[PDB]
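1. Provided hereafter are the protein sequence and its experimental coordinates.
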Amino acid sequence: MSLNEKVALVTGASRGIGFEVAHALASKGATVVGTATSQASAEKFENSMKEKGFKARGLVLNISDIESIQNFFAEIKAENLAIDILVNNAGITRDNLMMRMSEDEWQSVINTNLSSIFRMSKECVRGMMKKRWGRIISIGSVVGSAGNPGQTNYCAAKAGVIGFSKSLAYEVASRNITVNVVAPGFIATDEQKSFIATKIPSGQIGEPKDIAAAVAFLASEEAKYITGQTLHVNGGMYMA
Amino acid sequence: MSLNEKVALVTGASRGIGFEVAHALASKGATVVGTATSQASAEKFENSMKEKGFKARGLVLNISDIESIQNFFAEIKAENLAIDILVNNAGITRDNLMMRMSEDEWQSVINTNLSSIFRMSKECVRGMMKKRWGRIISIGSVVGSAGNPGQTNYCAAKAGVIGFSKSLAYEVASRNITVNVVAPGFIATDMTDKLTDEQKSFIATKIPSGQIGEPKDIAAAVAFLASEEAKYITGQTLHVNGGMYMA
Amino acid sequence: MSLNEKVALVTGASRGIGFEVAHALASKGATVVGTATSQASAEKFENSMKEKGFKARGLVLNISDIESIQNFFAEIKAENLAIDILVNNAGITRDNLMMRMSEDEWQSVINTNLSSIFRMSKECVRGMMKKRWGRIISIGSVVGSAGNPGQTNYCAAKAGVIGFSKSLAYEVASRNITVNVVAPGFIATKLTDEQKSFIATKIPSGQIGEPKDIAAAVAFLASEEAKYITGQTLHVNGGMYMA
Amino acid sequence: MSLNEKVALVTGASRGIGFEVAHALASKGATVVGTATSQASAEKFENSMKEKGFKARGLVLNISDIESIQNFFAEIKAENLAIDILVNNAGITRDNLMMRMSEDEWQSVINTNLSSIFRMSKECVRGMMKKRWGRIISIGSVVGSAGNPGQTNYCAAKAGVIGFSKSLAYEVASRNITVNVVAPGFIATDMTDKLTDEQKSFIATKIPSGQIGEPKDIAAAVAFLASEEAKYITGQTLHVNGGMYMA
């Protein structure tokens, strides 16, 4: 129970990676706050977690909308929930060839996938600093490092997340706060699947639990000397 | 004289790295469009270069205003200047501890250092593709790879520039367009001049060579990547920093 | 606790990082074979591990000596030990400015810190492949990636360990064998003033790490839940180098 | 002609990358010493260069053999040749699955591609430090950073080249010596000519443009790094691979 008395926030925790990350953290004793864009999903998350024997709280949050972010934190404040572990999982793609890409597609992805890390980390870091302990872990993507056509905006955001994290890691280190990125390759969440996995050494697409286990490792007290790092979980498709 | 038939666009070409870049490409025979915030500065650049016997145009361009970008590409269109080499020199810093950083300080940096590359690249790519030749080169920064406290905004933007360039390099490679980043370390410049004696000294402790770079160091790397002989280099980041950061 | 019935080999397990790694794997129920260069150290290791209620075997191995390696694998074979987890921990430094550096200082370091990786993995990979499960994890070093003056030989070796691992990862990935590198920064295990200064200036917290920091990371990679991580270098260095 | 009065050494300069590198350096003004494993290839080199109007010398070197290295440096010293620029281009593959790989296959590759770097740099670095100027440039491979199946020895070696080079960069940086690696991707050479039509085609799927590079591509990057205007670049790996690997 490494994480007894820690409170963890996992954005977009409804399904896939987010949920598994929420499951993995609760499994180590953490209290988990998960977010979804709708109330119904926030309830589905909450009941499903509490159903598996966990103390969880489902809350509404759209990380792309500063008003939502602002309301969100007023609520955890009202519910006396201090965040010790932040997992930036939520995000979106707006794929297009750069030449046809509109301002909305570019700006939406930068705003949702990059600025959101700044905005969420900004609202959690003072708490962790006072308590002299914290974890910030962001879900990146292999494409932030390898690049990918049709995704100039997504790759830019994802690379920026790493840059942000390396920089913040310097700022918060003296307070026992680590800041890291977990970069997934192809993860289950159409075959196509066969061809995709031929570009992957292991010959298979990963699963949400692959990402959750890495996030949970980085969030544990035993990864305290790991900061500013990018941990690629991708079956060898990209090796740094 | 690899670049005799080429037209280069250098943003913020008035002085420093921007100006040496202009000089460097013109030297190779390029016709160079340099951009500046003001008409006088733009005029100053043009007269400067033409004085040294180069083919040069200085135009007004503010890279944070979508409107200004729009007017600019219309003017070169009418002047029959199609861009073959784009050098993104633009960028600013608004340093602050992350916890204190304002929405303005964050968004300003992202917009001016990162979103600008997309905006400018988008206006030049079609012409290059049409001709099946192009160079896109963006001036990044050592902190984009190393990180640096007090610059979560600038580090995110500069790292983002690399991600953008990697991605774009794939889209345009078939049309013989390369996309690369030159990442300066500590270079003598107007910005660096601001720094105090102490913070100059501190940075000195991080440079194995014991030298502070000069704009020509950046210009040279840029001009090399712009040349035909760099055709087989794309999606790369070339660090020019005296050993401060080794990739 | 998934490591029950898994057999692990940690070279140079007598003390420091190797010993903590052996303790971490054992703690997950692995049977741990630890090696040392002397019989006294092998037994001391074994006795210590068994002392703590773990199953362990201490054997003699000089990873720099081919004959020693040949005898070693002859012995594990006669003891019916199939190696599921290989942790290449053992190594050495012969520091010098490049220009003064002897052929012998160069060769010894490449031989002990790089070639040993090839030689130990070559003796373990067939077993893993037949069972279709394996972990190879080598202890690298921050200097393999960052470089460090006075250590051209060591940096070359530790960078090569990464090259080897990436290549090997491709060859064995389909048989559910992962190959990774854990690269420690400064870890307390006799510090030079330079090292103390580097600690003070290059690590954001200014704190040196501990053997448990490296053991936890090795154990995480060795676990079934890291099945989808291969060809990677996990830096455990307090942020002194950020890849 | 920043290389007038400089002397460069290219190991394995008979053909392919080695020869174009020699050619590229001489074009910047360097006096070039090239090496071959045979007295006939050594002459052929010297003849070919001097034919093209260059000041060149070809000498025999079996770089796997320390005694040969010893005799070579004896020879250049007897001849008044002080090396300012060292390009380590010699190297071989012995591809096999790691599990089948012999000691010969392993050590031959480590010795030729990695140990040779130390041995040759050790013989040039003093004179460079004395003169307070030098370049060391090693030819790596993309697989050194990307990894490749069937080449555990070669990938190990070429990754070691980068580690060695970073380390050496710190030691010599203050004496104005830079140390860098140029890492070719898929370039037309003799061993490439030994690939089946199908192997070639398959590799093309890994390069964005789908183009195979040429020796001039590597020679151009090497000559850049060797030039004086590359003075602030050290400890770097410049990937020349058409986008096959982006770092």
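-> Happy to help now that I have it. Numbers count the residues shown, from 1 in each chain, chains lettered A, B, ... in the order given.

2. next helix or strand past the lengthiest strand in chain A?
-> For chain A, the strand that runs over the most residues, judged by DSSP state E, is strand A:177-184. Next helix or strand after strand A:177-184 toward the C-terminus (DSSP states H and E): helix A:193-196.

3. which residues touch that next one?
-> A:186, A:205 (CB atoms under 8 Å, 6 or more residues apart in numbering or on different chains). Quick note: C-beta positions are derived from backbone N, CA and C, even for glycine.

4. what helices or strands is the helix or strand hosting residue A:158 leaning on?
-> Following DSSP H and E, the helix or strand that holds residue A:158 is helix A:152-172. The elements that helix A:152-172 packs onto, with contact taken as 3 or more CB pairs under 8 Å, 6 or more residues apart in numbering or on different chains; DSSP states H and E, are helix A:103-110, helix A:116-130, strand A:134-139, helix A:143-146, strand A:177-184, helix B:116-131, helix B:143-146, helix B:152-172.

5. Just want the angle from it to helix B:152-172.
-> 150 degrees (axes from the mean of the first three to the mean of the last three CA atoms, to 10 degrees).

6. In PDB, list the C-alpha atoms belonging to helix A:152-172.
-> Taking C-alpha atoms only, helix A:152-172 is exported to PDB below (Å, rounded to 0.1, in the frame of the first residue of the first chain):
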ATOM      1  CA  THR A 152       2.200  18.200 -37.200                       C
ATOM      2  CA  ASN A 153       0.000  19.600 -34.500                       C
ATOM      3  CA  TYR A 154      -0.200  16.500 -32.400                       C
ATOM      4  CA  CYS A 155       3.600  15.800 -32.700                       C
ATOM      5  CA  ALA A 156       4.300  19.400 -31.800                       C
ATOM      6  CA  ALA A 157       2.100  19.300 -28.700                       C
ATOM      7  CA  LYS A 158       3.500  15.900 -27.600                       C
ATOM      8  CA  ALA A 159       7.100  17.000 -28.000                       C
ATOM      9  CA  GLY A 160       6.300  20.200 -26.200                       C
ATOM     10  CA  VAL A 161       5.000  18.200 -23.200                       C
ATOM     11  CA  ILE A 162       8.400  16.700 -22.900                       C
ATOM     12  CA  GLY A 163      10.100  20.100 -23.100                       C
ATOM     13  CA  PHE A 164       7.700  21.400 -20.400                       C
ATOM     14  CA  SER A 165       8.300  18.400 -18.200                       C
ATOM     15  CA  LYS A 166      12.100  18.600 -18.300                       C
ATOM     16  CA  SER A 167      12.000  22.300 -17.400                       C
ATOM     17  CA  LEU A 168       9.500  21.900 -14.600                       C
ATOM     18  CA  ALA A 169      11.500  19.000 -13.200                       C
ATOM     19  CA  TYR A 170      14.400  21.500 -12.400                       C
ATOM     20  CA  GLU A 171      11.900  23.900 -10.700                       C
ATOM     21  CA  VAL A 172      10.300  21.400  -8.400                       C
END
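
7. how far is it from where the chain is centred?
-> Taking CA atoms, centre = their mean, to the nearest Å, the mean C-alpha location of helix A:152-172 is offset from the chain mean by 13 Å.

8. Show me which positions of that helix end up buried.
-> A:152-172 (16 or more other CB atoms under 10 Å in any protein chain shown).

9. now stretch A:36-48
-> For stretch A:36-48, by 16+ other CB under 10 Å, it's A:36-37, A:41-42, A:44-46, A:48.

10. how about these in JSON lines, adding distance to residue A:110?
-> What follows is the buried residues of stretch A:36-48, written out as JSON lines (distance: CB to CB, whole Å):
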{"residue": "A:36", "distance to residue A:110": "22"}
{"residue": "A:37", "distance to residue A:110": "19"}
{"residue": "A:41", "distance to residue A:110": "25"}
{"residue": "A:42", "distance to residue A:110": "26"}
{"residue": "A:44", "distance to residue A:110": "30"}
{"residue": "A:45", "distance to residue A:110": "27"}
{"residue": "A:46", "distance to residue A:110": "31"}
{"residue": "A:48", "distance to residue A:110": "32"}
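
11. Can you name the two of the residues you listed that sit furthest apart?
-> The most widely separated members of the buried residues of stretch A:36-48, counting by CB to CB, are A:37 and A:48 (16.6 Å).

12. dump the residue contacts of residue A:227.
-> If a contact means CB under 8 Å, 6+ apart, then residue A:227 has A:169, A:173, A:178-180, C:204, C:238-239, C:242 as its contacts.
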